[PDB]
Amino acid sequence: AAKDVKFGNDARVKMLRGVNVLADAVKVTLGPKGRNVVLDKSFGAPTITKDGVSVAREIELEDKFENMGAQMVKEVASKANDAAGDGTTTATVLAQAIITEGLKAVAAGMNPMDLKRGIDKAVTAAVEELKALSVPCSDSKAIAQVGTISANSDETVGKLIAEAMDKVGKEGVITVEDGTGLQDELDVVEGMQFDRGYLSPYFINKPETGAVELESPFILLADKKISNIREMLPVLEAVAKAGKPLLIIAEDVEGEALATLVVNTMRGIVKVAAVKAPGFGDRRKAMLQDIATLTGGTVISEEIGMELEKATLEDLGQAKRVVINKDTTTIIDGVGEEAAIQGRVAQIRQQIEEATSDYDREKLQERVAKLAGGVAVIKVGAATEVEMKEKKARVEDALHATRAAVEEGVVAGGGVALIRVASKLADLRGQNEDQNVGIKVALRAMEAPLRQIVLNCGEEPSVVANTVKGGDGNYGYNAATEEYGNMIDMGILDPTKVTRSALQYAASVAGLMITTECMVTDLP
Amino acid sequence: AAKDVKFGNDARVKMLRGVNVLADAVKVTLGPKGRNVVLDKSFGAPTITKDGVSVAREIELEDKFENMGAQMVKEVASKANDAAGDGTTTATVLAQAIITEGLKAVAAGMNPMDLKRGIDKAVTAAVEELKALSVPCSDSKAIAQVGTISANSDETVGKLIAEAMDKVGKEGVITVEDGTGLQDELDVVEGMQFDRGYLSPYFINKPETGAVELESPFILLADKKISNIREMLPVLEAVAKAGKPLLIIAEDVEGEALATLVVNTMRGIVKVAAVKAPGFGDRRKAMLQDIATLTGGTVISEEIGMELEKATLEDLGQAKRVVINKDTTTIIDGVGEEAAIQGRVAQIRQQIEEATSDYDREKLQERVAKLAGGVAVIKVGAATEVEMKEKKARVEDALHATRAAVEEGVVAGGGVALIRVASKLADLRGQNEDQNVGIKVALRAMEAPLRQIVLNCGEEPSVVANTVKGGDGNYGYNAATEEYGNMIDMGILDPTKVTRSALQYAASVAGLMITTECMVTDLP
Amino acid sequence: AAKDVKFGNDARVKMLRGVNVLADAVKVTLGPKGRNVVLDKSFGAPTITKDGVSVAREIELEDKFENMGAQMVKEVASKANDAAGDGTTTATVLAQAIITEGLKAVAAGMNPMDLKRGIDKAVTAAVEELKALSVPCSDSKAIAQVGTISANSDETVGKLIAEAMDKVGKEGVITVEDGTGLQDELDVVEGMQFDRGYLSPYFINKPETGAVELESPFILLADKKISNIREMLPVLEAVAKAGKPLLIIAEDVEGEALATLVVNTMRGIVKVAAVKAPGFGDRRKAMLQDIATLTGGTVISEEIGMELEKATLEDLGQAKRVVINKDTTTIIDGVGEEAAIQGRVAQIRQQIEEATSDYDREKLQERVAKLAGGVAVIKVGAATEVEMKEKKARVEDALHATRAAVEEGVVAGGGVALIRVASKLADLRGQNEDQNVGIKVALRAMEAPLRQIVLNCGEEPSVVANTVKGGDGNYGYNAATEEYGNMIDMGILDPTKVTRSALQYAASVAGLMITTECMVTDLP
Ligand SMILES: Nc1ncnc2c1ncn2[C@@H]1O[C@H](COP(=O)(O)OP(=O)(O)OP(=O)(O)O)[C@@H](O)[C@H]1O
Ligand SMILES: Nc1ncnc2c1ncn2[C@@H]1O[C@H](COP(=O)(O)OP(=O)(O)OP(=O)(O)O)[C@@H](O)[C@H]1O
Ligand SMILES: Nc1ncnc2c1ncn2[C@@H]1O[C@H](COP(=O)(O)OP(=O)(O)OP(=O)(O)O)[C@@H](O)[C@H]1O
Ligand SMILES: [K+]
Ligand SMILES: [K+]
Ligand SMILES: [K+]
Ligand SMILES: [Mg+2]
Ligand SMILES: [Mg+2]
Ligand SMILES: [Mg+2]
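Residues numbered from 1 in each chain as written, not as in the entry; some residues may be left out. Chains lettered and ligands numbered in written order. Part of a larger assembly, values for the part shown. Heavy atoms only, no water. Residues with missing side-chain atoms left out of burial classes, pairs and counts.

If you check the header, you'll see the entry was determined by cryo-EM and the resolution is listed as 2.5 Å.

1. Quick word on the overall build of chain A
Convention followed: By definition, any uninterrupted DSSP run of H or I lasting at least four residues is a helix, any uninterrupted run of E lasting at least two residues is a strand, and each is numbered from the N terminus. Contact definition: two residues touch when any of their heavy atoms are within 4.5 Å.
The number of helices and strands found in chain A is 19 helices and 18 strands. Counting only C-alpha atoms, chain A reaches 90 × 60 × 45 Å along its principal axes. Across chain A, every contact between residues at least 6 apart in sequence was considered, and the portion connecting residues at least 24 apart equals 74%.

2. Concerning the site of ligand 2
Residues and elements named next belong to chain B. Going by this rule: Any residue with a non-hydrogen atom lying within 4 Å of a molecule or strand is treated as near it. Polar contact criterion, stated in full: a pair of N or O atoms within 3.5 Å, where within protein one must be able to donate a hydrogen and the other to accept it, and residues adjacent in sequence count only if both atoms are side-chain atoms. Accessible surface area values rest on a Shrake-Rupley calculation with a 1.4 Å probe, where residue burial reflects the displayed protein chains alone. Amino acids outside the nonpolar list (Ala, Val, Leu, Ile, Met, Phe, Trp, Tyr, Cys, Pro) and the charged list (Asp, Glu, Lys, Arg) are all regarded as polar, and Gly is one of them.
Taken together, 24 residues surround ligand 2, and among them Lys50, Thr88, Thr89, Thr90 and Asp494 come closest. Note that an oxygen atom of ligand 2 is positioned 2.8 Å from one of the backbone N or O atoms of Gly414. Computed on the free molecule, ligand 2 has an accessible area of 630 Å², of which 94% lies beneath the protein chains in the complex. For the shell around ligand 2, the secondary-structure elements that each account for two or more residues are α4 (88-107) and β15 (475-478). For the shell around ligand 2, the leading source of residues is α4, giving 3 residues. Here the shell around ligand 2 is composed, by residue class, of 9 nonpolar, 10 polar and 5 charged.

3. Here's the deal with the interface of chain B and chain A
As a measure of interface size, the accessible area lost when the parts come together is often cited. We count it as follows: Two parts placed together each lose some accessible area under a 1.4 Å probe, and the buried area is that loss summed for both. Each salt bridge in this description consists of a side-chain nitrogen of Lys or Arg and a carboxyl oxygen of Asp or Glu lying within 4 Å of one another.
Counting from both sides, the interface comprises 39 residues of chain B and, opposite them, 38 residues of chain A. Summed over both sides, the interface of chain B with chain A buries roughly 3200 Å², with 61% coming from carbon and sulfur. Inspection of the region where chain B meets chain A yields 1 salt bridge. Where chain B touches chain A, the interface holds 16 residue pairs in polar contact. Contributing elements (two or more residues each) for the side of chain B that touches chain A: α1 (8-27), β2 (36-39), α9 (255-267) and α13 (385-408) of chain B. Along the lines of polarity and charge, the residues of the side of chain B that touches chain A split into 20 nonpolar, 7 polar and 12 charged.

4. Thoughts on the packing of aromatic side chains
Quick note on the threshold: Pairing of aromatic side chains here covers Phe, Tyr and the six-membered ring of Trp, requires ring centres within 6.5 Å, and sorts the geometry by plane angle: under 30 degrees stacked, over 60 edge-to-face, intermediate tilted. Throughout this description, buried means an accessible area under 20% of the type-specific maximum (1.4 Å probe, protein chains only), exposed means over 50%, and partly exposed covers the range between. Working rule: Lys NZ or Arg CZ, within 6 Å of ring centre, within 35 degrees of ring normal, means a charge sits over the ring.
Within this structure, the stated rule accounts for 6 aromatic pairs over all chains. Relative to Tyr484 of chain B, the ring of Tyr475 of chain B lies with its centre 5.8 Å away and its plane at 10°, an arrangement referred to as stacked. Residue class for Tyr475 of chain B comes out partly exposed when judged on its relative accessible area of 26%. An aromatic cluster of three or more residues is present, and its members are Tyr475, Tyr477 and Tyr484 of chain A. Seen from the ring of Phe218 of chain B, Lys244 of chain B lies directly overhead, with NZ or CZ sitting 5.6 Å from the centre. Geometry around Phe280 of chain C places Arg284 of chain C over its ring, the cationic atom sitting 5.9 Å from the centre.

5. Structural notes on the interface of chain B and chain C
Taken together, the contact between chain B and chain C spans 5 residues of the former and 5 residues of the latter. Counting the surface lost from both chain B and chain C, the interface buries some 420 Å², and carbon and sulfur atoms represent 49% of this. The largest contributions to the chain B side of the interface with chain C come from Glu460, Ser462 and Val463 of chain B, which together make up 76% of the buried area. Across the chain B-chain C interface, the total number found is 2 salt bridges. One salt bridge in this structure joins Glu460 of chain B and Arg451 of chain C, with 3.0 Å as the shortest N-O distance. At the boundary of chain B with chain C, the tally comes to 2 residue pairs in polar contact. Grouping the amino acids of the side of chain B that touches chain C by side-chain chemistry returns 1 nonpolar, 2 polar and 2 charged.

6. Section: the domain arrangement of chain A
Residues and elements named next belong to chain A. Definition in use: Each domain span listed reflects an automatic or database assignment of domains.
On domain assignment, one finds that chain A holds domain 1 (1-134 + 410-524), domain 2 (135-190 + 372-409) and domain 3 (191-371). Each side of the interface is counted separately: domain 2 has 9 residues, and domain 3 has 11 residues. Going through the elements one at a time, β5 (185-190) and β13 (374-380) are the ones with two or more residues in the side of domain 2 that touches domain 3. Across the side of domain 2 that touches domain 3, the residue classes break down as 4 nonpolar, 3 polar and 2 charged.

7. Topic: the state of the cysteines
Think of a disulfide as a covalent bridge from one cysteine sulfur atom to another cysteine sulfur atom. How we decide: Note on terminology: pairs of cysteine sulfur atoms within 2.5 Å are recorded as disulfides.
Across all of its chains, the model carries 0 disulfides over all chains by this definition. Residue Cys457 of chain B stays outside any disulfide, its sulfur separated by 18 Å from that of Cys518 of chain A, the closest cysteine. Here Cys457 of chain B falls in the buried class, since its relative accessible area comes to 13%.

8. A short note on the site of ligand 3
Residues and elements named next belong to chain C. Among the 24 residues in the neighbourhood of ligand 3, the closest are listed as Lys50, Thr88, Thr89, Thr90 and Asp494. Within the backbone of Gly52, one N or O atom sits 3.3 Å away from an oxygen atom of ligand 3. Take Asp494: an N or O atom from its side chain is 2.4 Å from an oxygen atom of ligand 3. In the complex, the protein chains occlude 94% of the 630 Å² of accessible area that ligand 3 would expose alone. Contributing elements (two or more residues each) for the shell around ligand 3: α4 (88-107) and β15 (475-478). Looking at the shell around ligand 3, its residues break down into 9 nonpolar, 10 polar and 5 charged.

9. Some words on the coordination of the potassium ion (ligand 6)
Metal coordination angles have textbook ideals: 109.5 degrees for a tetrahedral set of four donors and 90 or 180 degrees for an octahedral set of six. Residues and elements named next belong to chain C. Defined as follows: Metal donors: N, O and S atoms at distances within 2.8 Å, or within 3.2 Å for Na, K and Ca, with water omitted from the atom set so that some sites may seem incomplete.
Within the protein, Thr29 (O), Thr29 (OG1), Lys50 (O) and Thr89 (OG1) serve as the donor atoms for the potassium ion (ligand 6), at 2.6 to 2.9 Å. Taken as an interatomic distance, the gap from the potassium ion (ligand 6) to the magnesium ion (ligand 9) is 5.3 Å. Of this pair, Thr29 sits in the loop between α1 (8-27) and β2 (37-39) while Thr89 sits in helix α4, and the two are 60 residues apart along the sequence. The residues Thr29 and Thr89 share a single accessibility class, namely buried.

10. Concerning the sheet that holds β2 of chain B
Rules: In short, DSSP must find at least two bridges between two strands for them to pair. To obtain an axis, a line is fitted to C-alpha atoms, over the contacting stretch when the element is a helix, and the angle between two such axes runs from 0 to 180 degrees between their N-to-C directions.
The strand order β1(A)-β18(A)-β2(B)-β3(B) describes an open sheet built from 4 strands, whose pairing is mixed. In this open sheet, the two edge strands, each paired with only one partner strand, are β1 (3-7) of chain A together with β3 (47-49) of chain B. Here the strands of the sheet are splayed against their neighbours by 20° on average, with no regard to which way each runs. As judged from the 4 bridges shared by strand β18 (residues 516-522) of chain A and β2 of chain B, these two strands associate in the parallel manner. Bridged to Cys518 of chain A within β2 of chain B is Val37 of chain B.

11. Notes on the pattern of salt bridges
Think of it this way: side chains of opposite charge can pair up when their charged atoms draw near. This structure, assessed with the given rule, holds 105 salt bridges over all chains. With a shortest N-O distance of 2.4 Å, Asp290 of chain C and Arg344 of chain C are connected by a salt bridge. One end of the pair, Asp290 of chain C, is in helix α10 (residues 284-295); the other, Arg344 of chain C, is in helix α11 (residues 338-354), and 54 residues separate them in sequence. Across the pair, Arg344 of chain C and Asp290 of chain C agree in class, each one buried. One connected set of salt bridges, linked through shared partners, spans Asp154, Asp184, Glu390, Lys391 and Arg394 of chain A.

12. A few points about the environment of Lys159 of chain A
All names here are of chain A. As for its placement among the helices and strands, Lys159 is situated in helix α7 (residues 155-168). Residue class for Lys159 comes out partly exposed when judged on its relative accessible area of 38%. Put simply, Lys159 and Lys141 are 18 residues apart on the chain and 8.2 Å apart in space, counted from C-alpha to C-alpha.

13. What to know about the environment of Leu115 of chain A
All names here are of chain A. Structurally, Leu115 is set in helix α5 (residues 112-133). With 176 residues separating them in the primary sequence, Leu115 and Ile291 have C-alpha atoms 57 Å apart. Non-local contacts of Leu115, meaning those with residues more than four positions away in its chain, are made with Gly102, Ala105, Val106, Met110, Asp434, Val437, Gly438 and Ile514.

14. Looking at the relation of the copies chain B and chain C
Counted only if it meets this: Copies are aligned to one another through a least-squares fit of their C-alpha atoms.
It takes a turn of 180° to lay chain B on chain C, together with a shift of 0.0 Å along the axis; the resulting RMSD is 0.0 Å. Both copies of the chain, as the preceding transformation shows, are related through a two-fold rotation axis. Within chain B, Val463 of chain B has its C-alpha nearest the rotation axis, a separation of 2.7 Å. Comparing interface residues between copies, 100% of those in chain B also sit at the interface in chain C, which points to an isologous, same-surface contact.

15. Focus on the sheet that holds strand β4 (residues 173-178) of chain A
All names here are of chain A. Overall, mixed pairing links the 3 strands, which are arranged β4-β13-β5 in an open sheet. Only two strands of the sheet have a single neighbouring strand rather than two, namely β4 and β5. Strand-to-strand twist of the sheet, defined as the mean angle between neighbouring strand axes without regard to direction, takes the value 20°. Sheet topology places β5 next to β13; 6 bridges connect them, and they run antiparallel.

16. Regarding unusual backbone geometry
Note on backbone geometry: most residues besides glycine have negative phi, and most peptide bonds are trans. Phi is positive for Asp282 of chain A, which is not a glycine, with a value near 75°. Relative to the assigned elements, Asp282 of chain A resides in the loop between β9 (272-276) and α10 (284-295). Positive phi, normally seen in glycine, also occurs at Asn152 of chain B, with a value near 60°. Note that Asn152 of chain B resides in the loop between α6 (140-150) and α7 (155-168). Overall, the relative accessible area of 9% leaves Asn152 of chain B in the buried class.

Take a look at the structure:
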């Protein structure tokens, strides 16, 4: 359609107006004194959130050029959320500061390309300095502090996340879901607990618990789906001769085979329980093989070549305990080779490295957590759905921040790491004066998060920033107590990954934004 | 529908207004000091680009006659992008200059047809002079300089493209795709690496790598799809007698045949791996034949006449190494006749010459790069998607410019080649004074790119153009450093093909545009 | 009424837009190649003029802030017209250039007050350098060149003005009026020619000429008005005894006195002619006293004390010749003391110095021109009234420029004097960097007149300015011939007063304009 074209100061001014609208909606959420933003939803009640990414996602302006700027600067928060899951508001603040200072420089007549190059050089040096300044975060105390800070100072959330990570270990998985109660609950399950229940309610050995409990049972892992008892009769006869119980993991057991297994279950010749194999095509086989590796068994398939009529007790797997319920199947202490379990885990790790999809890699990591480590569910407790959504967002931010901290370490919070980095980079220079000015605007924007935190607390951002800069190391300003001190000692920690990601994405977007001279959009 | 008709100076003025709108949106991107244009997208975030073709494609005006002019002059950028992949902004600037001067001449009362004829004669002479002035660009240093200049002075992009061309050779292929990391990555694969993985995960000889590795295996190339082991049993028996591994390239191996091959793979009688043939109908056969030529084998087909029961070891191909993964199959050092490989490559070259489709010719060239030469992928590294798009556009422009340079050579950049060409053509004359004036306006427009570069740098275009014209040879003006010198020595090079294509397309469109006396469009 | 208030870049941008509208309407008139502007008049036909002051006076914009800027920058042209009567377009161009560069500096973040101070310092130094570079313009050839240049190269106007000044001398007066013919006419009258005709038509001594001609007559200067012959009878009797004619200069002669004088005129006893005294109250007495000083007589008044009955021949003045017509009275070679005439002229000069009104000082200068020197009228010849107005404006500009040249000298035209002044002031510095930048913008704007002249001629302003700056002394660019040479030799001269006044007024207005941060106006 017909296009409105704007040039020079007019287009840049409208772009900055939109960026400022979005960043002003977002930055009110920054800091422990940060406020909440209510986002109207066309469906359901409004969402009250302290997430800059959510606020930015909702922002959209009538003016096409202002909306253009808002959309461009919203990529910063979106990318920060995608990568680190935290620091979206900080990244938006950094992008707004960089855009403002760079547009000042552009109106000053400096080359926008050189300003962008200087910003990029300053940000690269700042990332290197952040890596140097970062310290490993392996202690549960530091992890709890990081989670508490990322959850808007919810010590309960921080300590719960620390406990969950301690329980599940390095290779473990943690997920966040809704809770029925008012309190946050942690549910940790070890080993395999794939979500497949008994195929027949009459397999229940223990009625008062409504669950099948097998002690030292064999495990028969069948890739095919079975409807007749003939193909398995040798296996059931061998199991009955052995005397121990049996668990079948199959695509489907139904009809004559299922009925015969059930009848034998009452008759007591064999304590047999059957369940569906977990997952679906091209993943069911993988999970069956992981169970085989855990239990020291082999998967019976037609592709592999073996037949069920020829299956033997040695072919069958072994585990110490098994608990089936209507919902989930759990195998406890599968009798399998530890070297083999680690080899399979390494293969799944290689698959995760090869993977390029978030869903694929998280499913692979869930498989790793089932094989080794454990799986934890944090049920967020809230009285209402709006509170549930807000607390779930905060808990997810805390979990993401803790993962970032373990992955890349921690730095002083409250915008102190960026302040120190800029102080170290004061001597940095570019190829020309425009690049030097770009470096300087990047360094000055590095102070934007702390200044915005102070502003939201209501104090004087310039005074606080000057005091922090005069300080050294981890010395900083506590927004909660409105005092100064060592941020590490006070427990105000930010993941180095979060800070670096915010800086990087904000710098890229803001540099390209300031390099703009024309804006083309649809007419009103 | 009812039509608005405009005549003479009014129609030409509206046409020029639209052309000027488009060219003003586009030309701000010209030069190292050129700025970026933000294009609103109805879907997704706005696109920040320095590409005149993209800007022109987005341009569209409310006024029907202005939009008419914009659309006509947009063909210049579109055709330049299609042919050379670079110089779109230069072509648009040239078209705008030619249109402006020619419309001045038309208002001056000269014959527009004679002006167009003079412009065409001047452009033909200018193309001949560009060919004379061009120098071959075979050195990796010149290639890197060309890529760096076309990538808005990204030495990293230039050197990466130079390395990729050095690795893949003349007949090699290079493509540009998105990258997950922040840095630009180069991935070069030699020989055949068609994207077909193992048909059965259990073929993996090396589990820690999750890949099949065959040393000196035979290759059985089957055009048909196979589901039974009977037709192949003689071949498998011969292979087992030989003792070396075997790779099957077929339309599909499934069911009994696949299962038997897999079972034999564990049993160790024959180290057999099977994969799908690459491509689809009417291309699968061609790629199978190229693999046969590479490996010194023969393709088994029903059309050709041979049967698989009668296939022999001599019929089977031979290669030194083979590596299969879930994603791709790679054959290393196929034992085939070099004369035959060159003959097949020449046949594919003849097919490329006969081809009239970009997709067909690029697929044929990919086949050539698989047979001989190699295939390179440049994964563009960017922190955000907008930066990724901008950097990918710049890298594609650099790759296109480097290909143009190798194809047709290089000339002095910064609008210096056109300046020198016009100086050489100062004595050119037409059949009449109107043709002479058309020649003169074409020559004056030849200076438009340099003047626009200077204007974007903020200096005085007339002074810079006068100094460059007073200079001789490759003497020019460095927009980046705002100094004068030998453009070749400074590394400011433009492909002769890019310059010639921009000039030619701009001249054709602009001449026809100035020859206009009436414009017919839909009413508002 | 309610007010719209605008701040910062928005207000300055609107101010600059209005200034640019006015300056663009005005600057098309600059140069020998300068064009004419047609100004619609609510009454009468439109006025075609090449006067920047007239164009600016007519300019008025719909937007209140743009109109604000236009009105402020119109003061420059108005003040230049009031002071020098020429250089209005040059002053407007200088103001526009200063405003543009200073607003660039302001957007650059420099202090507007310091920019204004630097501009003022640069302009003071430039005025001093203009005074140093100026050369006296006392030769009629230089005067004619100046007039020709100021009349848009009308050699006829220049030579006519040179002849008029040569005739009337230094203390003479020149005025411009409409002419009935197609050719410009010069009418010079020496001595006293006050516009008072014979009180009675029958005084005509020469009927074929319809005028009174008296040879060596006495002059009776009466401050009172007379209606009876008794008070004068002794004087008439003495005159009749003497035998020479008599001229009465009185407030009014009527009734019995006039009738008796007329009757005696026929009877021939006394050749008496009577006329009204010139001017009105508080000026009639002064002009009567100047006539008395010229003719060596005394004014008869009641305030002074003498009575007409006691007046004598010695009291009566003496002159060599007298010519009265219905329109004007002229006295030729009044017999008065030269020392006295110079003393009265010096007294009138002191009165001119004390005077603070243009009308008062021009009337005093007319009295000086009547006493000594002469009075010249240039009747502008034109075929139509529009041509008459245009040519009269050009002739008035030429006269003002010639007066400025005699008063303060001449400098090289075509914007060369300002170029040389800026070159000399290149080393000038202020108290701070903002003042230095203000100096630099003033120096760059000093080049604006030459660049605008070149632009109106259609050539390259930057190239022409560079060539002129590379030149030295009076070397410049001839807009008429589009060649370079010594402007003095080519006859392209501009009054130093005109150039200095344009620079000063433009600098003052532009500095104050750039020092603006808020604009308050009425709402739309
Ligand atoms: N008590 C505190 N004193 C000082 N700074 C604090 C304190 N608590 C938190 N902060 C800082 O507040 C900053 C912003 O945290 P917040 O969770 O509000 O937003 P964010 O990290 O920018 O992003 P998101 O909106 O995605 O959660 C963090 O950098 C943290 O360092
Ligand atoms: N440092 C430099 N000095 C002088 N000229 C330069 C310099 N760098 C690039 N140029 C010139 O800039 C001109 C424009 O390059 P640019 O990549 O901006 O646009 P283009 O080639 O017209 O088209 P496209 O928009 O499709 O990339 C090229 O002709 C190149 O010669
Ligand atoms: N032949 C010429 N070559 C170069 N410059 C010339 C020539 N003739 C005139 N000029 C310059 O043209 C400039 C502008 O003259 P012009 O009479 O058009 O306007 P002005 O002096 O700015 O003001 P005004 O509009 O009040 O007359 C003068 O400075 C004069 O020096
Ligand atoms: K927040
Ligand atoms: K471009
Ligand atoms: K003028
Ligand atoms: Mg947070
Ligand atoms: Mg390019
Ligand atoms: Mg003039």
